[PDB]
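protein_29.cif (mmCIF, C-alpha atoms and all ligand atoms)
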```cif
data_final
#
loop_
_atom_site.group_PDB
_atom_site.id
_atom_site.type_symbol
_atom_site.label_atom_id
_atom_site.label_comp_id
_atom_site.auth_asym_id
_atom_site.auth_seq_id
_atom_site.Cartn_x
_atom_site.Cartn_y
_atom_site.Cartn_z
ATOM 1 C CA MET A 1 121.914 84.421 253.846
ATOM 2 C CA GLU A 2 122.450 87.947 252.526
ATOM 3 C CA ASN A 3 122.105 87.361 248.774
ATOM 4 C CA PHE A 4 118.686 85.805 249.445
ATOM 5 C CA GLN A 5 115.327 87.056 250.707
ATOM 6 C CA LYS A 6 113.792 84.318 252.848
ATOM 7 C CA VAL A 7 110.204 84.311 251.576
ATOM 8 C CA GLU A 8 108.955 81.643 253.975
ATOM 9 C CA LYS A 9 109.886 78.476 255.842
ATOM 10 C CA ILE A 10 108.776 75.471 253.807
ATOM 11 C CA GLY A 11 110.395 72.547 255.610
ATOM 12 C CA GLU A 12 112.235 71.100 258.617
ATOM 13 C CA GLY A 13 114.675 68.237 259.077
ATOM 14 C CA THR A 14 117.362 66.746 261.279
ATOM 15 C CA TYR A 15 119.979 68.196 258.960
ATOM 16 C CA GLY A 16 118.472 71.680 258.868
ATOM 17 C CA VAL A 17 115.727 74.038 257.721
ATOM 18 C CA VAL A 18 114.629 74.835 254.161
ATOM 19 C CA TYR A 19 113.322 78.246 253.081
ATOM 20 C CA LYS A 20 111.659 79.410 249.908
ATOM 21 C CA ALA A 21 114.019 82.213 248.939
ATOM 22 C CA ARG A 22 114.642 84.717 246.186
ATOM 23 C CA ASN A 23 118.119 85.428 244.854
ATOM 24 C CA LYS A 24 118.214 89.178 245.662
ATOM 25 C CA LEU A 25 120.258 89.463 242.447
ATOM 26 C CA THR A 26 119.135 87.050 239.713
ATOM 27 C CA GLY A 27 115.632 87.109 241.174
ATOM 28 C CA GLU A 28 115.392 83.345 240.889
ATOM 29 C CA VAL A 29 113.199 81.571 243.430
ATOM 30 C CA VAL A 30 114.963 78.647 245.088
ATOM 31 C CA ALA A 31 114.810 76.276 248.027
ATOM 32 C CA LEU A 32 117.501 77.370 250.485
ATOM 33 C CA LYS A 33 118.582 74.829 253.073
ATOM 34 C CA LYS A 34 120.628 75.999 256.046
ATOM 35 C CA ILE A 35 122.544 72.971 257.294
ATOM 36 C CA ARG A 36 122.372 72.222 261.021
ATOM 37 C CA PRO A 37 133.808 67.974 258.423
ATOM 38 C CA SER A 38 135.655 67.148 255.191
ATOM 39 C CA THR A 39 134.002 63.850 254.311
ATOM 40 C CA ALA A 40 130.881 66.012 254.245
ATOM 41 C CA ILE A 41 132.472 67.972 251.407
ATOM 42 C CA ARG A 42 133.070 64.970 249.153
ATOM 43 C CA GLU A 43 129.649 63.637 250.117
ATOM 44 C CA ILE A 44 127.936 66.932 249.267
ATOM 45 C CA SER A 45 130.112 67.877 246.286
ATOM 46 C CA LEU A 46 129.088 64.503 244.898
ATOM 47 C CA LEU A 47 125.393 65.363 245.183
ATOM 48 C CA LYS A 48 126.014 68.324 242.866
ATOM 49 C CA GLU A 49 126.938 66.015 239.978
ATOM 50 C CA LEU A 50 124.017 63.730 240.757
ATOM 51 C CA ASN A 51 121.666 65.111 238.099
ATOM 52 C CA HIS A 52 118.550 63.272 236.873
ATOM 53 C CA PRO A 53 114.984 64.415 236.080
ATOM 54 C CA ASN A 54 113.693 62.746 239.224
ATOM 55 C CA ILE A 55 116.274 64.172 241.620
ATOM 56 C CA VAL A 56 115.894 67.755 242.925
ATOM 57 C CA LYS A 57 118.831 69.685 241.439
ATOM 58 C CA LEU A 58 121.383 71.019 243.903
ATOM 59 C CA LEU A 59 122.303 74.377 242.319
ATOM 60 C CA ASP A 60 124.860 75.818 244.715
ATOM 61 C CA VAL A 61 126.732 74.859 247.861
ATOM 62 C CA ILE A 62 127.681 77.863 249.972
ATOM 63 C CA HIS A 63 130.224 77.421 252.716
ATOM 64 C CA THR A 64 130.780 80.875 254.210
ATOM 65 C CA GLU A 65 131.069 82.405 257.690
ATOM 66 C CA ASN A 66 131.648 78.791 258.732
ATOM 67 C CA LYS A 67 128.067 77.861 257.828
ATOM 68 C CA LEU A 68 126.606 75.544 255.199
ATOM 69 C CA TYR A 69 123.813 76.455 252.783
ATOM 70 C CA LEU A 70 122.475 74.324 249.947
ATOM 71 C CA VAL A 71 120.561 76.012 247.133
ATOM 72 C CA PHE A 72 118.118 73.695 245.415
ATOM 73 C CA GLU A 73 115.776 74.278 242.557
ATOM 74 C CA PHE A 74 112.378 75.150 244.009
ATOM 75 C CA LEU A 75 109.687 72.527 243.475
ATOM 76 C CA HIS A 76 106.037 73.396 243.681
ATOM 77 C CA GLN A 77 104.720 71.232 246.499
ATOM 78 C CA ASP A 78 105.595 68.146 248.533
ATOM 79 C CA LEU A 79 103.888 64.773 248.284
ATOM 80 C CA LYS A 80 102.765 64.883 251.912
ATOM 81 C CA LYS A 81 100.691 68.019 251.262
ATOM 82 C CA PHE A 82 99.415 66.602 247.968
ATOM 83 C CA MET A 83 98.300 63.349 249.654
ATOM 84 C CA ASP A 84 96.480 65.299 252.382
ATOM 85 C CA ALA A 85 94.915 67.514 249.742
ATOM 86 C CA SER A 86 93.769 64.367 247.886
ATOM 87 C CA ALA A 87 92.493 62.475 250.932
ATOM 88 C CA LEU A 88 88.780 62.699 250.165
ATOM 89 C CA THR A 89 89.047 61.065 246.750
ATOM 90 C CA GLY A 90 92.580 59.702 246.723
ATOM 91 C CA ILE A 91 95.306 60.242 244.145
ATOM 92 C CA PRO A 92 94.210 58.683 240.843
ATOM 93 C CA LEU A 93 95.906 55.305 240.355
ATOM 94 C CA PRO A 94 97.549 56.358 237.083
ATOM 95 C CA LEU A 95 99.210 59.275 238.857
ATOM 96 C CA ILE A 96 100.230 57.037 241.745
ATOM 97 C CA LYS A 97 101.782 54.680 239.186
ATOM 98 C CA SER A 98 103.487 57.534 237.347
ATOM 99 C CA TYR A 99 104.950 58.794 240.618
ATOM 100 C CA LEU A 100 106.145 55.362 241.745
ATOM 101 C CA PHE A 101 107.718 54.731 238.333
ATOM 102 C CA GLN A 102 109.516 58.087 238.378
ATOM 103 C CA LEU A 103 110.753 57.622 241.941
ATOM 104 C CA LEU A 104 112.109 54.201 241.006
ATOM 105 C CA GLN A 105 113.936 55.789 238.065
ATOM 106 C CA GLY A 106 115.424 58.358 240.408
ATOM 107 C CA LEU A 107 116.443 55.658 242.876
ATOM 108 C CA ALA A 108 117.818 53.370 240.161
ATOM 109 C CA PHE A 109 119.991 56.333 239.147
ATOM 110 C CA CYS A 110 121.084 57.151 242.723
ATOM 111 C CA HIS A 111 121.818 53.524 243.501
ATOM 112 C CA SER A 112 123.797 53.003 240.282
ATOM 113 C CA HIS A 113 125.935 55.939 241.423
ATOM 114 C CA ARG A 114 126.278 54.396 244.885
ATOM 115 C CA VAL A 115 124.137 57.018 246.597
ATOM 116 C CA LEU A 116 121.543 56.041 249.201
ATOM 117 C CA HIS A 117 118.754 58.327 250.263
ATOM 118 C CA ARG A 118 118.170 56.683 253.695
ATOM 119 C CA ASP A 119 115.213 58.833 254.683
ATOM 120 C CA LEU A 120 112.512 58.780 252.042
ATOM 121 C CA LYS A 121 109.152 60.102 253.230
ATOM 122 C CA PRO A 122 106.237 61.954 251.572
ATOM 123 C CA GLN A 123 107.625 65.276 252.861
ATOM 124 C CA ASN A 124 110.781 64.948 250.783
ATOM 125 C CA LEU A 125 109.219 63.777 247.511
ATOM 126 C CA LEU A 126 108.537 66.966 245.589
ATOM 127 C CA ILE A 127 106.159 67.502 242.717
ATOM 128 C CA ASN A 128 105.513 70.092 240.047
ATOM 129 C CA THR A 129 102.593 71.084 237.824
ATOM 130 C CA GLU A 130 104.110 69.149 234.901
ATOM 131 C CA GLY A 131 103.569 65.773 236.528
ATOM 132 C CA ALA A 132 107.133 65.131 237.632
ATOM 133 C CA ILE A 133 108.102 64.050 241.133
ATOM 134 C CA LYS A 134 111.622 64.245 242.488
ATOM 135 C CA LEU A 135 113.722 62.944 245.383
ATOM 136 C CA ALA A 136 114.887 65.665 247.789
ATOM 137 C CA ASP A 137 116.549 65.982 251.189
ATOM 138 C CA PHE A 138 118.934 63.077 250.785
ATOM 139 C CA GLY A 139 119.816 64.491 254.177
ATOM 140 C CA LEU A 140 123.539 63.898 253.687
ATOM 141 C CA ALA A 141 122.928 61.127 256.209
ATOM 142 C CA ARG A 142 125.962 59.050 257.142
ATOM 143 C CA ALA A 143 127.597 62.146 258.655
ATOM 144 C CA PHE A 144 125.988 64.417 261.278
ATOM 145 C CA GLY A 145 125.027 61.695 263.751
ATOM 146 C CA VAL A 146 126.895 59.781 266.476
ATOM 147 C CA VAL A 147 109.570 64.706 265.892
ATOM 148 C CA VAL A 148 111.476 62.165 263.736
ATOM 149 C CA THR A 149 109.191 60.032 261.560
ATOM 150 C CA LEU A 150 109.911 56.308 261.706
ATOM 151 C CA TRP A 151 107.015 55.196 259.515
ATOM 152 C CA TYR A 152 109.133 54.481 256.440
ATOM 153 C CA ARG A 153 112.229 52.986 258.156
ATOM 154 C CA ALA A 154 113.368 49.568 256.842
ATOM 155 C CA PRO A 155 113.362 46.697 259.367
ATOM 156 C CA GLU A 156 117.113 46.115 259.129
ATOM 157 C CA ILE A 157 117.678 49.716 260.306
ATOM 158 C CA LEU A 158 115.258 49.232 263.210
ATOM 159 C CA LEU A 159 117.049 45.999 264.123
ATOM 160 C CA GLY A 160 120.355 47.822 264.423
ATOM 161 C CA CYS A 161 122.156 47.022 261.188
ATOM 162 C CA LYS A 162 124.840 49.653 260.760
ATOM 163 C CA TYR A 163 125.724 48.845 257.150
ATOM 164 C CA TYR A 164 122.385 48.901 255.393
ATOM 165 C CA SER A 165 121.977 48.996 251.618
ATOM 166 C CA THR A 166 120.077 50.634 248.796
ATOM 167 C CA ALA A 167 117.347 48.147 249.782
ATOM 168 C CA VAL A 168 116.309 50.501 252.594
ATOM 169 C CA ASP A 169 115.106 53.074 249.989
ATOM 170 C CA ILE A 170 113.000 50.442 248.193
ATOM 171 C CA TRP A 171 111.384 49.606 251.524
ATOM 172 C CA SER A 172 110.624 53.265 252.251
ATOM 173 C CA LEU A 173 109.181 53.737 248.750
ATOM 174 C CA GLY A 174 107.082 50.587 249.205
ATOM 175 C CA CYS A 175 105.588 52.126 252.348
ATOM 176 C CA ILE A 176 104.885 55.364 250.509
ATOM 177 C CA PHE A 177 103.312 53.486 247.590
ATOM 178 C CA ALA A 178 100.942 51.710 250.017
ATOM 179 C CA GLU A 179 100.019 54.984 251.676
ATOM 180 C CA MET A 180 99.223 56.690 248.369
ATOM 181 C CA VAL A 181 96.910 53.797 247.536
ATOM 182 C CA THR A 182 95.084 53.393 250.859
ATOM 183 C CA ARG A 183 95.273 56.963 252.128
ATOM 184 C CA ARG A 184 96.597 55.668 255.444
ATOM 185 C CA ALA A 185 100.191 55.220 256.556
ATOM 186 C CA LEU A 186 101.120 51.549 256.319
ATOM 187 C CA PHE A 187 103.187 51.232 259.537
ATOM 188 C CA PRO A 188 102.540 54.348 261.646
ATOM 189 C CA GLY A 189 104.785 53.591 264.615
ATOM 190 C CA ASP A 190 105.519 56.161 267.265
ATOM 191 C CA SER A 191 108.673 54.533 268.653
ATOM 192 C CA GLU A 192 111.332 52.247 267.186
ATOM 193 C CA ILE A 193 109.853 49.210 268.895
ATOM 194 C CA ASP A 194 106.250 50.110 268.050
ATOM 195 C CA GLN A 195 107.421 50.701 264.462
ATOM 196 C CA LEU A 196 109.088 47.326 264.411
ATOM 197 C CA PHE A 197 106.119 45.569 265.983
ATOM 198 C CA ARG A 198 103.618 47.187 263.612
ATOM 199 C CA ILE A 199 105.677 45.816 260.701
ATOM 200 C CA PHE A 200 105.794 42.371 262.395
ATOM 201 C CA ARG A 201 102.051 42.431 263.082
ATOM 202 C CA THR A 202 101.369 42.992 259.382
ATOM 203 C CA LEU A 203 104.118 41.097 257.583
ATOM 204 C CA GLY A 204 104.614 38.459 260.266
ATOM 205 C CA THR A 205 107.485 38.271 262.728
ATOM 206 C CA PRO A 206 110.544 37.459 260.600
ATOM 207 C CA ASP A 207 112.491 34.278 261.279
ATOM 208 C CA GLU A 208 115.506 32.514 259.778
ATOM 209 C CA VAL A 209 113.358 30.987 257.046
ATOM 210 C CA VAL A 210 112.266 34.246 255.441
ATOM 211 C CA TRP A 211 115.230 36.296 256.642
ATOM 212 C CA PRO A 212 118.465 34.313 257.089
ATOM 213 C CA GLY A 213 120.525 36.042 259.742
ATOM 214 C CA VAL A 214 117.677 38.022 261.301
ATOM 215 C CA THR A 215 118.031 36.344 264.726
ATOM 216 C CA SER A 216 121.674 37.477 264.780
ATOM 217 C CA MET A 217 120.750 41.144 264.248
ATOM 218 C CA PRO A 218 122.039 43.614 266.869
ATOM 219 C CA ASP A 219 118.628 44.533 268.245
ATOM 220 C CA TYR A 220 116.861 41.271 267.616
ATOM 221 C CA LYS A 221 115.300 39.726 270.735
ATOM 222 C CA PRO A 222 114.271 36.046 270.951
ATOM 223 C CA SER A 223 111.579 37.469 273.171
ATOM 224 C CA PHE A 224 109.944 39.287 270.233
ATOM 225 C CA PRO A 225 106.284 38.330 269.921
ATOM 226 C CA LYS A 226 105.582 35.825 267.142
ATOM 227 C CA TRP A 227 102.913 37.258 264.831
ATOM 228 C CA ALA A 228 101.560 35.517 261.732
ATOM 229 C CA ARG A 229 101.769 37.245 258.382
ATOM 230 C CA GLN A 230 98.551 38.973 257.379
ATOM 231 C CA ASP A 231 97.052 38.238 254.004
ATOM 232 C CA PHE A 232 98.190 40.978 251.639
ATOM 233 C CA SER A 233 94.748 41.585 250.123
ATOM 234 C CA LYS A 234 93.822 43.092 253.482
ATOM 235 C CA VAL A 235 96.914 45.311 253.495
ATOM 236 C CA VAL A 236 96.271 47.354 250.348
ATOM 237 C CA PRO A 237 92.779 46.357 249.178
ATOM 238 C CA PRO A 238 92.380 48.814 246.313
ATOM 239 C CA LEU A 239 95.640 47.815 244.661
ATOM 240 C CA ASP A 240 95.335 45.348 241.809
ATOM 241 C CA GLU A 241 97.341 42.103 241.902
ATOM 242 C CA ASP A 242 100.222 43.484 239.814
ATOM 243 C CA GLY A 243 100.516 46.353 242.263
ATOM 244 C CA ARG A 244 100.326 44.005 245.218
ATOM 245 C CA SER A 245 102.959 41.649 243.813
ATOM 246 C CA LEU A 246 105.346 44.574 243.211
ATOM 247 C CA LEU A 247 104.621 45.917 246.705
ATOM 248 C CA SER A 248 105.339 42.545 248.333
ATOM 249 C CA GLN A 249 108.665 42.467 246.542
ATOM 250 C CA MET A 250 109.513 45.960 247.805
ATOM 251 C CA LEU A 251 108.597 44.873 251.350
ATOM 252 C CA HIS A 252 110.559 41.593 251.592
ATOM 253 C CA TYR A 253 112.205 41.341 254.973
ATOM 254 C CA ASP A 254 115.554 40.177 253.613
ATOM 255 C CA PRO A 255 117.315 43.225 252.081
ATOM 256 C CA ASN A 256 118.922 40.767 249.653
ATOM 257 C CA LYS A 257 115.552 39.448 248.453
ATOM 258 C CA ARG A 258 113.969 42.896 248.239
ATOM 259 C CA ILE A 259 113.516 44.004 244.629
ATOM 260 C CA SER A 260 115.976 46.517 243.176
ATOM 261 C CA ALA A 261 114.792 49.798 241.723
ATOM 262 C CA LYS A 262 115.999 48.637 238.285
ATOM 263 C CA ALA A 263 114.174 45.330 238.489
ATOM 264 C CA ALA A 264 111.049 47.088 239.833
ATOM 265 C CA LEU A 265 110.942 49.266 236.728
ATOM 266 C CA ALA A 266 110.512 46.167 234.561
ATOM 267 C CA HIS A 267 107.661 44.899 236.722
ATOM 268 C CA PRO A 268 104.346 44.246 234.821
ATOM 269 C CA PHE A 269 102.674 46.849 237.016
ATOM 270 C CA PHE A 270 104.284 49.569 234.860
ATOM 271 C CA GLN A 271 103.276 48.071 231.526
ATOM 272 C CA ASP A 272 100.597 50.741 231.093
ATOM 273 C CA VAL A 273 102.328 53.588 232.906
ATOM 274 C CA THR A 274 101.593 57.123 231.694
ATOM 275 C CA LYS A 275 102.378 60.618 232.931
ATOM 276 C CA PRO A 276 99.159 62.311 234.095
ATOM 277 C CA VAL A 277 99.024 65.915 235.293
ATOM 278 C CA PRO A 278 98.242 66.411 238.972
ATOM 279 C CA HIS A 279 95.633 68.949 240.098
ATOM 280 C CA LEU A 280 97.785 71.185 242.265
ATOM 281 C CA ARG A 281 96.500 73.955 244.487
ATOM 282 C CA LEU A 282 99.401 76.308 245.014
HETATM 283 N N1 LIG B 301 113.414 70.425 250.551
HETATM 284 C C1 LIG B 301 113.688 70.840 249.306
HETATM 285 O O1 LIG B 301 114.776 70.614 248.757
HETATM 286 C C2 LIG B 301 112.597 71.588 248.598
HETATM 287 S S1 LIG B 301 111.101 71.919 249.323
HETATM 288 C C3 LIG B 301 110.578 72.713 247.892
HETATM 289 N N2 LIG B 301 109.341 73.322 247.723
HETATM 290 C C4 LIG B 301 108.176 73.189 248.443
HETATM 291 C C5 LIG B 301 107.045 74.041 248.015
HETATM 292 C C6 LIG B 301 105.787 73.986 248.726
HETATM 293 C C7 LIG B 301 105.609 73.075 249.887
HETATM 294 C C8 LIG B 301 106.720 72.205 250.339
HETATM 295 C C9 LIG B 301 107.966 72.257 249.647
HETATM 296 N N3 LIG B 301 111.491 72.734 246.918
HETATM 297 C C10 LIG B 301 112.639 72.101 247.306
HETATM 298 N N4 LIG B 301 113.689 71.999 246.490
#
```
If you took the structure in this file and wrote it as structure tokens, what would it be?
Amino acid sequence: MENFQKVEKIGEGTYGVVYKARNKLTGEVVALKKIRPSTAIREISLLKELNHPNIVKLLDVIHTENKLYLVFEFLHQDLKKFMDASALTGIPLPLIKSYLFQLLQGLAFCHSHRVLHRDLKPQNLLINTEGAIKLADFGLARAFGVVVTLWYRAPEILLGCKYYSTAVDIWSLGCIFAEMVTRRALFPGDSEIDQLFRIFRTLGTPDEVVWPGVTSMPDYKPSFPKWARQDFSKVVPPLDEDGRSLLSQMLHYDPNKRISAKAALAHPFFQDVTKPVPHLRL
């Protein structure tokens, strides 16, 4: 832009690049995303009215010189960096719980307003010194379509469903929750099929019993290997049983059986939730 002083590049994405920038005028520091249609307008314009404490605020939408810029409030750090920074000791469980609870609130809000994120990953969960965490980079997916991280992709997406639901965000958040707890990505695939098979190897190859309709999925192959489900206590060993029961509900194969963000918020795991302060190195 011209009204902004690009301080530094802070993020990448399929939909563009984000820069820490200063409003040459107001002097405010923001996150400026240069986007890489009309339905895009509605879609975006909607995002502007999608305000909640756990959703990164979209401050301005600039459509000039036939280019698209999104000005977001600047958050202090991303969860990916925080997790890496906390890898020797791990993020304290109360903070993990606080983050999960807040993200579920943000998703419950998005989903009640019929907005899907579609691409949740540690890099787009942003945190501040006050202990808040917020959803960012919705990625205005469902538009510019027709390397990329597949680790958090729901199975129905991998199997070719073209009309997936809010359940895909619960899945992604479940994966992130596991990773915060174990300090290792749950399903670190490096290809769509390896992603899919890593999920199958851990949760068991889905069948009509646990996922009615799965064998009719676009990319489902009868030739898929048949793996047994692994005992969950081996999946996320440091998580207590409440945490594990919530996680299993977030990772149900059937999108229709997968817990909703609203229902997840009432789960016993959050009975003792608090809002700790993270130790951030900025
Ligand atoms: N993508 C976004 O909307 C972002 S990224 C961000 N800050 C940040 C600061 C340090 C490290 C990584 C990200 N703030 C927003 N709004």
Item to check | Distance of CA of residue 24 (chain A) from CA of residue 3 (chain A), expressed in Å to one decimal place | outcome: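 According to the coordinates, CA of residue 3 (chain A) and CA of residue 24 (chain A) are separated by 5.3 Å.
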Protein and nucleic acid residues within 7 Å of ligand LIG 301 (chain B) (all atoms listed in the file) as an mmCIF file with C-alpha atoms, keeping the file's coordinate frame:
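Done, and the output landed in part_37.cif:
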```cif
data_model
loop_
_atom_site.group_PDB
_atom_site.id
_atom_site.type_symbol
_atom_site.label_atom_id
_atom_site.label_comp_id
_atom_site.auth_asym_id
_atom_site.auth_seq_id
_atom_site.Cartn_x
_atom_site.Cartn_y
_atom_site.Cartn_z
ATOM 1 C CA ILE A 10 108.776 75.471 253.807
ATOM 2 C CA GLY A 11 110.395 72.547 255.610
ATOM 3 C CA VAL A 18 114.629 74.835 254.161
ATOM 4 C CA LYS A 20 111.659 79.410 249.908
ATOM 5 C CA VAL A 30 114.963 78.647 245.088
ATOM 6 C CA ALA A 31 114.810 76.276 248.027
ATOM 7 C CA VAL A 56 115.894 67.755 242.925
ATOM 8 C CA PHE A 72 118.118 73.695 245.415
ATOM 9 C CA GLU A 73 115.776 74.278 242.557
ATOM 10 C CA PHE A 74 112.378 75.150 244.009
ATOM 11 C CA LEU A 75 109.687 72.527 243.475
ATOM 12 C CA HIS A 76 106.037 73.396 243.681
ATOM 13 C CA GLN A 77 104.720 71.232 246.499
ATOM 14 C CA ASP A 78 105.595 68.146 248.533
ATOM 15 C CA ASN A 124 110.781 64.948 250.783
ATOM 16 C CA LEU A 126 108.537 66.966 245.589
ATOM 17 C CA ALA A 136 114.887 65.665 247.789
ATOM 18 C CA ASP A 137 116.549 65.982 251.189
#
```
Would you list the residues near (119.7, 44.9, 272.2), meaning any protein, DNA or RNA residue with an atom at most 12 Å from that point in file coordinates, counting only C-alpha atoms, as a CSV table (one decimal) with C-alpha atoms, keeping the file's coordinate frame?
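File written: selection31.csv
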```csv
chain,number,residue,atom,x,y,z
A,158,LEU,CA,115.3,49.2,263.2
A,159,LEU,CA,117.0,46.0,264.1
A,160,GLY,CA,120.4,47.8,264.4
A,161,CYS,CA,122.2,47.0,261.2
A,193,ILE,CA,109.9,49.2,268.9
A,215,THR,CA,118.0,36.3,264.7
A,216,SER,CA,121.7,37.5,264.8
A,217,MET,CA,120.8,41.1,264.2
A,218,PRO,CA,122.0,43.6,266.9
A,219,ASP,CA,118.6,44.5,268.2
A,220,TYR,CA,116.9,41.3,267.6
A,221,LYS,CA,115.3,39.7,270.7
A,222,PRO,CA,114.3,36.0,271.0
A,223,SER,CA,111.6,37.5,273.2
A,224,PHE,CA,109.9,39.3,270.2
```
Checklist entry - Which of these, A:37, A:49, A:83, A:62, has the shortest distance to residue 281 (chain A) once you count all atoms listed in the file? => result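 Using all atoms listed in the file, the shortest distance to residue 281 (chain A) belongs to A:83.
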Checklist entry - Between A:54, A:165, A:274, A:245, which is the closest to residue 102 (chain A) once you count all atoms listed in the file? => result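 With all atoms listed in the file as the atom set, the closest residue is A:54.
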Checklist entry - Could you name the residues that touch residue 33 (chain A) at 8 Å or less, counting only C-alpha atoms, but leaving out those on the same chain fewer than 2 positions away, as number ranges by chain? => result A: 16-19, 31, 35, 69-72
Checklist entry - Interatomic distance between CA of residue 250 (chain A) and CA of residue 110 (chain A)? => result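 Separation of CA of residue 250 (chain A) and CA of residue 110 (chain A): 16.9 Å.
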Item to check | Option closest in space to residue 99 (chain A), from A:115, A:40, A:127, A:150 [counting only C-alpha atoms] | outcome: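 Looking at the shortest contact to residue 99 (chain A), the residue is A:127.
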Checklist entry - Using only C-alpha atoms, which residues sit within 8 Å of residue 15 (chain A) once same-chain residues fewer than 2 positions away are excluded, as number ranges by chain? => result A: 13, 17, 35-36, 139-140, 144
Can you spit out the residues from that selection as a PDB file, in the coordinates of the input, using C-alpha atoms?
```pdb
ATOM      1  CA  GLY A  13     114.675  68.237 259.077  1.00  0.00           C
ATOM      2  CA  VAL A  17     115.727  74.038 257.721  1.00  0.00           C
ATOM      3  CA  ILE A  35     122.544  72.971 257.294  1.00  0.00           C
ATOM      4  CA  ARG A  36     122.372  72.222 261.021  1.00  0.00           C
ATOM      5  CA  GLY A 139     119.816  64.491 254.177  1.00  0.00           C
ATOM      6  CA  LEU A 140     123.539  63.898 253.687  1.00  0.00           C
ATOM      7  CA  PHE A 144     125.988  64.417 261.278  1.00  0.00           C
TER       8      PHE A 144
END
```
Step by step, gather every atom of region 126-140 of chain A that the file lists, find the box along x, y and z that holds them, add 5 Å on each side, and finally give centre and edge lengths in Å to one decimal, as lines of an AutoDock Vina configuration file.
```
center_x = 113.1
center_y = 67.0
center_z = 244.5
size_x = 30.9
size_y = 18.1
size_z = 29.3
```
